[PDB]
Structure formats: C-alpha cells, structure tokens
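So the sequence lines, in the order shown, correspond to chains W, E, V, D, G and X. Position one of the first sequence corresponds to residue 5 (the numbering used here), numbered consecutively onward. Position one of the second sequence corresponds to residue 12 (the numbering used here), numbered consecutively onward. Position one of the third sequence corresponds to residue 12 (the numbering used here), numbered consecutively onward. Position one of the fourth sequence corresponds to residue 28 (the numbering used here), numbered consecutively onward. Position one of the fifth sequence corresponds to residue 8 (the numbering used here), numbered consecutively onward. Position one of the sixth sequence corresponds to residue 216 (the numbering used here), numbered consecutively onward. A virtual CB, placed ideally from N, CA and C, is assigned to each residue, including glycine.
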Amino acid sequence: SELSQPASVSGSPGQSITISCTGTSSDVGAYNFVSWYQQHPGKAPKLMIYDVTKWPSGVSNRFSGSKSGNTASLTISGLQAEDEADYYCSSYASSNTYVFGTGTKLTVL
Amino acid sequence: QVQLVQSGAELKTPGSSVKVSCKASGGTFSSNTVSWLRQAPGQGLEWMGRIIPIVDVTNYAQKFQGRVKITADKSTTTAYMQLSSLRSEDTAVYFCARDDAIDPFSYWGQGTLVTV
Amino acid sequence: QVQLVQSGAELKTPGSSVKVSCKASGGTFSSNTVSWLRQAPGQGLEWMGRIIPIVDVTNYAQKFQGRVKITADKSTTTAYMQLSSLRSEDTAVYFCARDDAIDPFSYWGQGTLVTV
Amino acid sequence: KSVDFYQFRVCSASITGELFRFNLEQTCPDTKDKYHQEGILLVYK
Amino acid sequence: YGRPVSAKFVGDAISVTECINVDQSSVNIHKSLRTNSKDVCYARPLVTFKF
Amino acid sequence: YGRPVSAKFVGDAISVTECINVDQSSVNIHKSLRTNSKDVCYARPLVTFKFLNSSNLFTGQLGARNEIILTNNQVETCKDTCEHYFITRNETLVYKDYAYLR
Numbered sequence: 005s006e007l008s009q010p011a012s013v014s015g016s017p018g019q020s021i022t023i024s025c026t027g028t029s030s031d032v033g034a035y036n037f038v039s040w041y042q043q044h045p046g047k048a049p050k051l052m053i054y055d056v057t058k059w060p061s062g063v064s065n066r067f068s069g070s071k072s073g074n075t076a077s078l079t080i081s082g083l084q085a086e087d088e089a090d091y092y093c094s095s096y097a098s099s100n101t102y103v104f105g106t107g108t109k110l111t112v113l
Numbered sequence: 012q013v014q015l016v017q018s019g020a021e022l023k024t025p026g027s028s029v030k031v032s033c034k035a036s037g038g039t040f041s042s043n044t045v046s047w048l049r050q051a052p053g054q055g056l057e058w059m060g061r062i063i064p065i066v067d068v069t070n071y072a073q074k075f076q077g078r079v080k081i082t083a084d085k086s087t088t089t090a091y092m093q094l095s096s097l098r099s100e101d102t103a104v105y106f107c108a109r110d111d112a113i114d115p116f117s118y119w120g121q122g123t124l125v126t127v
Numbered sequence: 012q013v014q015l016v017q018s019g020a021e022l023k024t025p026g027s028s029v030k031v032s033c034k035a036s037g038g039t040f041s042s043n044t045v046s047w048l049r050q051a052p053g054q055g056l057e058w059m060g061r062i063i064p065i066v067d068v069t070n071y072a073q074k075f076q077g078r079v080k081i082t083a084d085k086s087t088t089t090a091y092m093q094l095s096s097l098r099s100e101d102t103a104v105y106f107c108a109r110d111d112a113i114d115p116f117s118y119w120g121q122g123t124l125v126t127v
Numbered sequence: 028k029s030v031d032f033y034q035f036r037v038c039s040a041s042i043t044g045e046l047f048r049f050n051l052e053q054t055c056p057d058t059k060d061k062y063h064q065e066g067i068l069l070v071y072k
Numbered sequence: 008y009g010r011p012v013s014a015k016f017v018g019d020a021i022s023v024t025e026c027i028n029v030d031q032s033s034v035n036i037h038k039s040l041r042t043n044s045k046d047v048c049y050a051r052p053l054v055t056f057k058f
Numbered sequence: 216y217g218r219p220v221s222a223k224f225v226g227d228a229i230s231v232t233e234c235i236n237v238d239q240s241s242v243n244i245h246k247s248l249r250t251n252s253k254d255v256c257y258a259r260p261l262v263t264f265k266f267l268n269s270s271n272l273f274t275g276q277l278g279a280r281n282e283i284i285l286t287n288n289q290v291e292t293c294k295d296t297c298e299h300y301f302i303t304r305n306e307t308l309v310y311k312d313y314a315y316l317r
C-alpha cells in the first residue's frame, strides 16, 4: 500500500508549485504525522516539512503543507535557487509500519 | 550533531548473505530507534525495518519478515543488518537513519552500496 | 390461568428474516420454560427449541442450530424468535408454549401463520 | 437460592451481576511517637 | 463468601451474580460412565433434574 | 517488590530485569474495539505512545496496572451485548458492546 505521488511537476520563476500526496485512509486518514523529504542527486535526504504544518528549526518559511480529507498538499512559493531535489511523501501506518511515496520530480526553467 | 558511519561497498554472489554494519556516534543509543532504508537506482524509497535497543524490539515490514535480521550492540553502539538469499534486484544503496526528538530519520549515514 | 398472546400473520420474501414475538401474562417468567413449535399444513408438530430465562439458557434442535435466535425479556415477559435464511418450506403456523408444574406443553398460543 | 453447597443447583446466568474490583493501595501506617515529657521532681513528706 | 455464588471476569473487574436452586426431589444420576463410541468416555457422570 | 519489575523463568532460576517508563504526554487510546473481518475483535483496546523524547510512534496492547504490551496476541470472538470495564490509574473506562466510551 505504497503512497502515490505525481511523476513530475512543472515550474517557473516567481511561481508557486503544489505537490499532492494521497493514499489509504488507514495511514494518512487516521493519523497526522505526514512528512516531506527532499533528496538531492547523490546526496542524503533532507526533511523540510513534518507533523502537519509546523515548520522545523532553521529552514525557509516559503514552504507550507495542508492535509484535507485523505490528501495532503505541499505548496512552495520560493522559486529560483536550485529547487531540483526530489520530494517524497511519508506517513505513519498501522502495525508499527512506515510507508513512503513513489516520488515527485520538480523541474524549473 | 550525531554522525553515522556506514561500511564500504561489497560484492557478493546472488543468493548469499550480506552483512552491513552501521556505527552511531555520540554518547549512547539511549531511546533512539535505528531504521534501515534501501534505495534502488532510479526508484523510490521504502521502509525495511527498525530496532529499538531500550526494549531490544525489532519491527519488520510485512514483505521482509523472516528474511532480514537486525541486531544491535549496547557497548560498541553498532547495528548489524543481515540479508541472505540476496536476489539480483536486491542490489541497492543502504542508509541507517536515526530517530530524533524533532522527527525520526533526522540523521542519515554515508550509505552502503550492494551489487548483486 | 396463564394466557399467551402471539403476533399476527406476516408475509416476507424468501431469504429474509422473520421475527415473532410471544407475550406471556401473569407475574413473571420465573422458572417456567418457553418452547417454540411449528406445524406445516397437513403435517405434524416439529420442535424448534426452548428458552429458560431464570438461567437464560437456550436449547436448540440439532437441525435448527445456528439458524434460529431466541431472546427473552423479563421486564416485559416477552419472547422473541428470529429466523434467517428461510426457504420455501417455512410456510407454517408457529406456536409458543409454556412449561407447567404438570406437563411441559401445558399452555399454548393462538399461533402465527408465516407464508413464504 | 444459595443457602449452602449441600443442595444441588445450577447457576451460570450472568446478565446484571454486581461489579467489584481489587484494591492494592491499603497499607499499614507506621506507628506514632511519644512526647515523654519530663523534668526535675522533688518530694516532700 | 459463606453462601455459594457465581463470578466471572468483565474487562478488568469481577461480575458476581446470584444462585438458584433446582428440584431436589427429581434428581437422577446415570450408573454408567461409558459414553457412545470409544475413547470419548465422559469424565464426570451426567445428572438429570428439573427446575 | 514495591517498584514494578519484569521477571521470567530462565532454566530453574528466575531472571528479573529493570523497567523503563514511556512518554506520558503522548498517549492515545482507541475508542473502537472492532478489528478487521468478524469474530476476531481485540480483547483489549490498543494504545499508541512514544519512548522518552524520541519522535516515533509505537502501538501496543494495554495491560494491567498501566502496562504496555507490544505483542497483540489477545483476541476473542465477538459476543453480542458485551460489556467491558478497564482501570487506568485513577480513571475508569466503560465499553458498551464493542465500541463507544464512558
């Protein structure tokens, strides 16, 4: 029951990009411990969004998250820079098991 | 600033046993939980298993039960993961992440590359 | 002079559930036992089961086990019999009887006709 | 009827029986002390 | 308790009910402990009584 | 012993270890006892908590005298008109049938 994520999303400078993450209601619809991880090519994954919408320490505030129903949406407003790290959505599931999304690739011009 | 050390890449024949050792810095394991995650080239991420040394409890995925053995040492603060019967697609990199009061996996290791 | 009141005739589709309520007069059920019997047109008298409310024990026949549910209410002194997965042969007249100091089938009931 | 175990009976009904719990908090308090007031005493005959 | 009672476990508590006697005059005990077939003999004798 | 301890049988002797508490701030108890399928409902409600300040979710079966068991092997057949009573510290939980809360 792996989470489903979009294959890729377009983008442009001075724009906001929204990435969706949906799955079974047993994992995402029963708890509120969703997380988003950014992984650079040939680099360790980095966490930027945890819990529900609370930002972690020492990170940019241009990113936000909102979970409605069975679907979570991560919205980024800070364009330019690199913005090339692949985004993965994760959530807690029953029987002390963790799941991760397929992965989302962000491309910019 | 807890650092993780992972063993170098090793080559093994298909169907053999592969052992990966991960060393955690700092004082001791304490209440932290050590998780293992594999990533294939060009594929996504999945949760293999985790170990909590406070109760010495190992949690495994439903598709990896009875195939992966996880052990921890309270003296050397080292975690050992054994996966025998390695299959071809099994070839992948391996990360030993660590839980943190902020959020789990808050730390990542260098990674171990396994080729079948 | 204990008098028993049975519900009116009801028509239900095959494969449904039929509930029959029998009301017993007097003070209370006490140690008396309530038995449920059926009679097909032109056939003999069958034996569905019995219920004792002073211990709340239901005795069922070896052929009707798992198909008829019997419940009792001491506050209203009412016995409810529910039948499920009935066939086309369930069209019959049902009676609720009442155990007495002499013979068990001392009392009876107007009877309820069930058609499939 | 529960006069005694001598009479044969069958009792397996359980509908609205009274509920009870085991208490594991009672303990013997320690003994108190004694002031034992005292002083100088003189007698006179 | 001095009087016989019946008790069972309900959750984390103990539920106790009352007891009811049966007809002492009409009691029958079978004199044969051999049940039908073989190797399935009853451990204790069966008793038939009214209420 | 006044303090709670964990004990087991090793050979002909009894081996007793120490005990460690969990994060009391993050505790969740499910209000529904209905599991998947039928007639395999859990005997006791499940409890979700964490260990110390570590950010991780752990689900187990609540025991007695505020004890958490990670082996959810306690199952029972579904019974109509059931009733359950549980005691946790200075509070009581009443479960009518196999759901609800009181």
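Cutoff 8 Å: residue i Cβ touching any chain W Cβ
| i | result |
| --- | --- |
| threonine 232(X) | no |
| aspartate 101(E) | no |
| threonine 274(X) | yes |
Beta-carbon contacts of residue i that lie in its chain and below 8 Å, excluding the five residues immediately before and after
| i | result |
| --- | --- |
| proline 10(W) | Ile23, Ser24, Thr108 |
| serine 13(G) | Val23, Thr24, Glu25, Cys26 |
| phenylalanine 40(V) | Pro64, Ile65, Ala83, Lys85, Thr88 |
| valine 68(V) | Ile62 |
| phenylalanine 56(G) | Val29, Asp30, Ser33, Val34, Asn35 |
| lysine 50(W) | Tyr41, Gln42, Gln43, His44, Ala89 |
CB contact below 8 Å: residue i versus chain E
| i | result |
| --- | --- |
| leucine 285(X) | yes |
| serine 269(X) | yes |
| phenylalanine 266(X) | yes |
Residues of its chain near residue i, where Cβ-Cβ distance is below 6 Å and the 5 sequence neighbours each way are ignored
| i | result |
| --- | --- |
| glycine 105(W) | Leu7, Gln9, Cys25, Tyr92, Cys93 |
| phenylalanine 106(E) | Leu48, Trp119, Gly120, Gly122 |
| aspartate 111(V) | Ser117 |
| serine 95(E) | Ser28 |
| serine 5(W) | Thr28 |
| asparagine 287(X) | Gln276 |
Which residues DSSP lists as bridging residue i, in chain order
| i | result |
| --- | --- |
| residue 8(E) | This structure cannot speak to residue 8(E), because chain E is shown only from 12 to 127. |
| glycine 60(E) | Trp47(E), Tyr71(E) |
| residue 121(W) | Nothing in the structure corresponds to residue 121(W), since chain W is present only between 5 and 113. |
| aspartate 84(V) | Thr89(V) |
| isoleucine 36(G) | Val54(G) |
| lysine 34(E) | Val16(E), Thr89(E) |
| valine 231(X) | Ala222(X) |
| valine 125(E) | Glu21(E), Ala103(E) |
| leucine 46(D) | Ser22(G) |
| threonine 106(W) | In the DSSP output, where bridge partners are listed per residue, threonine 106(W) has none listed. |
| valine 29(E) | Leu94(E) |
| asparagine 236(X) | Looking at the DSSP assignment, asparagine 236(X) forms no beta bridge with any residue, so it has no partner. |
| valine 79(E) | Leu94(E) |
| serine 12(W) | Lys109(W) |
Residue-chain proximity (residue i, chain G), Cβ-Cβ < 8 Å
| i | result |
| --- | --- |
| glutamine 34(D) | yes |
| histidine 245(X) | no |
| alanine 314(X) | no |
| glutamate 298(X) | yes |
| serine 96(V) | no |
Test: residue i CB closer than 8 Å to a CB of chain V
| i | result |
| --- | --- |
| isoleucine 21(G) | no |
| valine 37(D) | yes |
Residue i at chain X interface by Cβ criterion, 8 Å
| i | result |
| --- | --- |
| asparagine 36(W) | no |
| residue 75(G) | The structure shown does not extend to residue 75(G), since chain G is modelled only from 8 through 58, so no value can be given for it. |
| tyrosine 92(W) | no |
| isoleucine 81(E) | no |
| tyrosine 41(W) | no |
Own chain partners of residue i with C-beta closer than 7 Å, once the 5 adjacent residues on each side are dropped
| i | result |
| --- | --- |
| residue 152(V) | Lying before the first or after the last residue shown, residue 152(V) is absent from chain V, which here runs from 12 to 127. |
| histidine 37(G) | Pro52, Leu53 |
| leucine 56(E) | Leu48, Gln50 |
| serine 247(X) | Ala314 |
| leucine 69(D) | none |
Amino acids of chain B, ordered along the chain, whose beta-carbon sits closer than 7 Å to that of residue i
| i | result |
| --- | --- |
| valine 103(W) | Of the protein chains in the structure, W, E, V, D, G and X, none is chain B. |
Segments assigned beta strand (DSSP E), at least 3 residues, entirely inside the stretch 271-317 of chain X
Runs of the beta strand (DSSP E) inside the stretch 271-317 of chain X: 273-277, 298-303, 306-311.
Please give me, in chain order, every unbroken run of the alpha helix (DSSP H) with length at least 4 that falls completely inside the stretch 28-102 of chain W.
Along the stretch 28-102 of chain W, the alpha helix (DSSP H) does not occur as any fully enclosed run of 4 or more residues.
Touching or not, the stretch 61-69 of chain V and the stretch 81-95 of chain V, by the rule of three or more beta carbon pairs under 8 Å?
Output reads yes: the stretch 81-95 of chain V touches the stretch 61-69 of chain V.
Is there contact between the stretch 78-89 of chain W and the stretch 62-70 of chain W, where contact requires at least three CB pairs shorter than 8 Å?
Taking one beta carbon from each stretch, the stretch 78-89 of chain W and the stretch 62-70 of chain W have 3 or more pairs nearer than 8 Å; the two touch.
Is it a yes or a no for the stretch 239-257 of chain X touching the stretch 31-49 of chain E, going by three-plus beta-carbon pairs under 8 Å?
Judged by Cβ distances under 8 Å, the stretch 239-257 of chain X makes no contact with the stretch 31-49 of chain E, as fewer than three pairs qualify.
Mind the definition here: the stretch 52-61 of chain V touches the stretch 102-117 of chain E only if three or more C-beta pairs lie below 8 Å; say whether that holds.
With a cut-off of 8 Å on Cβ pairs, the stretch 52-61 of chain V is not in contact with the stretch 102-117 of chain E, counting fewer than three such pairs.
Please determine if the stretch 45-53 of chain D and the stretch 39-48 of chain G are in contact, where contact requires at least 3 C-beta pairs separated by less than 8 Å.
Three or more beta-carbon pairs separated by less than 8 Å are not found between the stretch 45-53 of chain D and the stretch 39-48 of chain G, which leaves the two stretches without contact.
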